[PDB]
Number of protein chains: 2
Amino acid sequence: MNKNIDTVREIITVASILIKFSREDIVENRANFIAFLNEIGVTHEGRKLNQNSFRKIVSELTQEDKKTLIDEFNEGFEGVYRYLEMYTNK
Amino acid sequence: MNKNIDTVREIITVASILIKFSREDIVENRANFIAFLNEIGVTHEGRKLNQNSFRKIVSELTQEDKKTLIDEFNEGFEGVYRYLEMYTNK
């Protein structure tokens, strides 16, 4: 669980929960998204994300990570993994 | 990502988001918790959880899974991994 895929699958799912709870306002901003991750308790090494984490995650996130996480996240992430980008694309 | 630790770390985090959004009502019931997992889009093999998944997860969940997921989830899961139990303990 020391890969982007983990903090990613998690980042997407959670921020999507937000979007599901009519919290697209939190999912639509980097600060809210980052804080969201820092409040519910999502980390990638005993520490949540400050602002760079996700950036490096996605920066080092490949279409294979998408493939492997899609293996389980078939079509239930095409509007969350993509949404995080439109709201926070790096 | 084909272990309990994944569907667990996810189950906890998400249901905790619920609890964070004053949704302890959803986190406090197996049906709501299961549905919650089935609505936001959390799966462990291209399929969410119907009711048995979590049960077998936790049934096959060991203190080591807790250790490894605690490695990242230091003290931010002592009221979520334990909460899922009080609400759904098998």
# chains A, B, ... in the order shown; residues from 1 in each chain; ligands from 1

call {"tool": "interface_residues", "arguments": {"of": "chain A", "to": "chain B", "cutoff": "6 Å", "atoms": "only C-alpha atoms", "output": "JSON, numbers by chain"}}
result
{"A": [14, 17, 40, 41, 43, 45, 46, 72, 73, 76]}

call {"tool": "select_by_dssp", "arguments": {"residues": "chain B", "states": "alpha helix (DSSP H)", "output": "PyMOL selection string"}}
result
chain B and resi 4-20+24-27+30-40+52-59+63-70+83-87

call {"tool": "residues_around", "arguments": {"residues": "stretch 50-52 of chain A", "least_positions_apart": "5", "cutoff": "10 Å", "atoms": "only C-alpha atoms", "output": "list in words"}}
result
residues 30, 31, 33, 34, 35, 37, 38, 57, 58 and 59 of chain A

call {"tool": "write_last_selection", "arguments": {"atoms": "N, CA, C and O atoms", "output": "PDB file, in the first residue's frame"}}
result
ATOM      1  N   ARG A  30      -8.687  22.300  -4.488  1.00  0.00           N
ATOM      2  CA  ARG A  30      -7.499  21.614  -3.996  1.00  0.00           C
ATOM      3  C   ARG A  30      -7.394  21.713  -2.478  1.00  0.00           C
ATOM      4  O   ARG A  30      -7.152  20.718  -1.802  1.00  0.00           O
ATOM      5  N   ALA A  31      -7.569  22.918  -1.951  1.00  0.00           N
ATOM      6  CA  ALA A  31      -7.481  23.137  -0.510  1.00  0.00           C
ATOM      7  C   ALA A  31      -8.506  22.302   0.250  1.00  0.00           C
ATOM      8  O   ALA A  31      -8.161  21.608   1.207  1.00  0.00           O
ATOM      9  N   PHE A  33     -10.145  19.706  -0.848  1.00  0.00           N
ATOM     10  CA  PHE A  33      -9.847  18.307  -1.139  1.00  0.00           C
ATOM     11  C   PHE A  33      -8.704  17.815  -0.253  1.00  0.00           C
ATOM     12  O   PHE A  33      -8.786  16.750   0.370  1.00  0.00           O
ATOM     13  N   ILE A  34      -7.646  18.612  -0.193  1.00  0.00           N
ATOM     14  CA  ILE A  34      -6.482  18.292   0.619  1.00  0.00           C
ATOM     15  C   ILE A  34      -6.863  18.260   2.099  1.00  0.00           C
ATOM     16  O   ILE A  34      -6.528  17.313   2.817  1.00  0.00           O
ATOM     17  N   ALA A  35      -7.589  19.281   2.545  1.00  0.00           N
ATOM     18  CA  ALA A  35      -8.036  19.344   3.932  1.00  0.00           C
ATOM     19  C   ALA A  35      -8.925  18.145   4.242  1.00  0.00           C
ATOM     20  O   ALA A  35      -8.789  17.507   5.287  1.00  0.00           O
ATOM     21  N   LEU A  37      -8.862  15.233   2.949  1.00  0.00           N
ATOM     22  CA  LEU A  37      -7.981  14.093   3.127  1.00  0.00           C
ATOM     23  C   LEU A  37      -7.282  14.166   4.482  1.00  0.00           C
ATOM     24  O   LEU A  37      -7.004  13.142   5.111  1.00  0.00           O
ATOM     25  N   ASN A  38      -6.994  15.392   4.914  1.00  0.00           N
ATOM     26  CA  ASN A  38      -6.313  15.631   6.184  1.00  0.00           C
ATOM     27  C   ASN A  38      -7.275  15.576   7.381  1.00  0.00           C
ATOM     28  O   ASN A  38      -6.829  15.536   8.528  1.00  0.00           O
ATOM     29  N   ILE A  57       1.528  12.363  -6.669  1.00  0.00           N
ATOM     30  CA  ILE A  57       0.796  11.140  -6.884  1.00  0.00           C
ATOM     31  C   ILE A  57       0.388  11.109  -8.338  1.00  0.00           C
ATOM     32  O   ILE A  57       0.784  10.241  -9.108  1.00  0.00           O
ATOM     33  N   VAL A  58      -0.407  12.100  -8.679  1.00  0.00           N
ATOM     34  CA  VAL A  58      -0.899  12.237 -10.025  1.00  0.00           C
ATOM     35  C   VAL A  58       0.242  12.453 -11.004  1.00  0.00           C
ATOM     36  O   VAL A  58       0.201  11.966 -12.134  1.00  0.00           O
ATOM     37  N   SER A  59       1.268  13.172 -10.564  1.00  0.00           N
ATOM     38  CA  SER A  59       2.415  13.424 -11.417  1.00  0.00           C
ATOM     39  C   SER A  59       3.113  12.108 -11.742  1.00  0.00           C
ATOM     40  O   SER A  59       3.670  11.932 -12.824  1.00  0.00           O
TER      41      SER A  59
END

call {"tool": "atom_distance", "arguments": {"atom1": "atom CA of residue A:25", "atom2": "atom CA of residue A:66"}}
result
24.5 Å

call {"tool": "residues_around", "arguments": {"residues": "residue B:28", "least_positions_apart": "4", "cutoff": "9 Å", "atoms": "only C-alpha atoms", "output": "PDB file with N, CA, C and O atoms, in the first residue's frame"}}
result
ATOM      1  N   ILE B  19     -19.383   9.357   9.415  1.00  0.00           N
ATOM      2  CA  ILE B  19     -19.431   9.748  10.806  1.00  0.00           C
ATOM      3  C   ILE B  19     -19.001  11.218  10.964  1.00  0.00           C
ATOM      4  O   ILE B  19     -19.470  11.922  11.860  1.00  0.00           O
ATOM      5  N   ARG B  23     -23.053  11.358   9.907  1.00  0.00           N
ATOM      6  CA  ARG B  23     -23.753  10.231   9.306  1.00  0.00           C
ATOM      7  C   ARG B  23     -23.509   8.940  10.084  1.00  0.00           C
ATOM      8  O   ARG B  23     -23.572   7.821   9.536  1.00  0.00           O
ATOM      9  N   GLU B  24     -23.270   9.084  11.386  1.00  0.00           N
ATOM     10  CA  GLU B  24     -23.075   7.930  12.248  1.00  0.00           C
ATOM     11  C   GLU B  24     -24.266   6.972  12.134  1.00  0.00           C
ATOM     12  O   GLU B  24     -24.146   5.796  12.448  1.00  0.00           O
ATOM     13  N   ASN B  32     -26.894   0.116   6.213  1.00  0.00           N
ATOM     14  CA  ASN B  32     -26.496   1.444   5.742  1.00  0.00           C
ATOM     15  C   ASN B  32     -25.017   1.450   5.373  1.00  0.00           C
ATOM     16  O   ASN B  32     -24.621   2.023   4.362  1.00  0.00           O
ATOM     17  N   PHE B  33     -24.211   0.806   6.208  1.00  0.00           N
ATOM     18  CA  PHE B  33     -22.770   0.720   5.986  1.00  0.00           C
ATOM     19  C   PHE B  33     -22.482  -0.012   4.676  1.00  0.00           C
ATOM     20  O   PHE B  33     -21.693   0.447   3.844  1.00  0.00           O
ATOM     21  N   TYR B  83     -15.055   1.230  15.545  1.00  0.00           N
ATOM     22  CA  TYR B  83     -16.445   1.651  15.395  1.00  0.00           C
ATOM     23  C   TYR B  83     -17.211   0.723  14.467  1.00  0.00           C
ATOM     24  O   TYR B  83     -18.348   0.350  14.757  1.00  0.00           O
ATOM     25  N   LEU B  84     -16.588   0.332  13.363  1.00  0.00           N
ATOM     26  CA  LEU B  84     -17.233  -0.576  12.422  1.00  0.00           C
ATOM     27  C   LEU B  84     -17.619  -1.878  13.117  1.00  0.00           C
ATOM     28  O   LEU B  84     -18.571  -2.548  12.719  1.00  0.00           O
ATOM     29  N   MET B  86     -18.323  -2.302  16.661  1.00  0.00           N
ATOM     30  CA  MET B  86     -19.447  -2.060  17.573  1.00  0.00           C
ATOM     31  C   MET B  86     -20.760  -1.971  16.799  1.00  0.00           C
ATOM     32  O   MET B  86     -21.819  -2.355  17.295  1.00  0.00           O
ATOM     33  N   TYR B  87     -20.670  -1.463  15.578  1.00  0.00           N
ATOM     34  CA  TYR B  87     -21.832  -1.317  14.716  1.00  0.00           C
ATOM     35  C   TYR B  87     -22.032  -2.583  13.891  1.00  0.00           C
ATOM     36  O   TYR B  87     -23.160  -2.979  13.598  1.00  0.00           O
ATOM     37  N   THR B  88     -20.922  -3.225  13.548  1.00  0.00           N
ATOM     38  CA  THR B  88     -20.944  -4.466  12.788  1.00  0.00           C
ATOM     39  C   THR B  88     -19.767  -5.336  13.208  1.00  0.00           C
ATOM     40  O   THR B  88     -18.690  -5.287  12.614  1.00  0.00           O
TER      41      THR B  88
END

call {"tool": "atom_distance", "arguments": {"atom1": "atom CA of residue B:26", "atom2": "atom CA of residue B:55"}}
result
16.9 Å
